[PDB]
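**Q** experimental structure below, sequence on top.
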Amino acid sequence: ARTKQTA
Amino acid sequence: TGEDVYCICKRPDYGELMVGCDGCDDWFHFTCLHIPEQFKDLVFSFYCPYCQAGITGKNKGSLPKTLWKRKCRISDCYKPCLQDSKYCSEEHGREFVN
Ligand SMILES: [Zn+2]
Ligand SMILES: [Zn+2]
Ligand SMILES: [Zn+2]
């Protein structure tokens, strides 16, 4: 699905 | 006077791993949902607890539920399977030792 990790 | 917040914790996006809900357009931390981080790519569609309860989704009739992908049958891998194939790629397509 839609995932998000700004690292 | 207050940065934008997300998730059930209502804390900002400080760089940790998150999912976006499909009912509402919010984002939720893995740690807040007690979902292990290694299951990062095993989610097909996520629905937050408040959308599965019909509190903030978009239905009205049934309630949306989080769907999980099928993990590659290699015990080491945590990547989703391909179509039909029980493996994430050809590089892992070996079922037996011989
Ligand atoms: Zn939601
Ligand atoms: Zn959170
Ligand atoms: Zn694999």
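**A** Perfect, thanks for sending it. Numbering: from 1, shown residues only, chains lettered A, B, ... in the order given. Ligands and ions are numbered 1, 2, ... in the order given.
**Q** could you show me where the helices are in chain B, in order?
**A** B:30-33, B:49-52 (DSSP state H).
**Q** please report the distance of the most centrally placed residue in chain B from residue A:4.
**A** Centroid-nearest residue in chain B: residue B:43, 3.5 Å away (criterion: CA atoms, centre = their mean). Going from residue B:43 to residue A:4 by CB to CB, to the nearest Å gives 12 Å. C-beta here means a position set from N, CA and C on the backbone, and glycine is covered the same way.
**Q** repeat for residue B:19
**A** Separation of residue B:19 from residue A:4 (CB to CB): 8 Å.
**Q** what's next to stretch B:69-83, contact-wise?
**A** With contact meaning CB atoms under 8 Å, 6 or more residues apart in numbering or on different chains, stretch B:69-83 is reached by B:38, B:39, B:40, B:41, B:42, B:43, B:44, B:86, B:87, B:88, B:89, B:92.
**Q** highest neighbour count among those residues?
**A** Greatest neighbour count in the contacts of stretch B:69-83, by other CB atoms under 10 Å in any protein chain shown, goes to residue B:88: 20 neighbours.
**Q** hmm, back to that, so which of the contacts of stretch B:69-83 reach chain A?
**A** Applying CB under 8 Å from any CB of the partner chain to the contacts of stretch B:69-83, one finds that B:40, B:41, B:43, B:44 fall near chain A.
**Q** tell me the contacts of the third one?
**A** Looking back up the chat, that one is residue B:43. Applying CB under 8 Å, 6+ apart, the residues contacting residue B:43 are A:1, A:3, B:19, B:66, B:67, B:68, B:69.
**Q** thanks a lot, see you next time.
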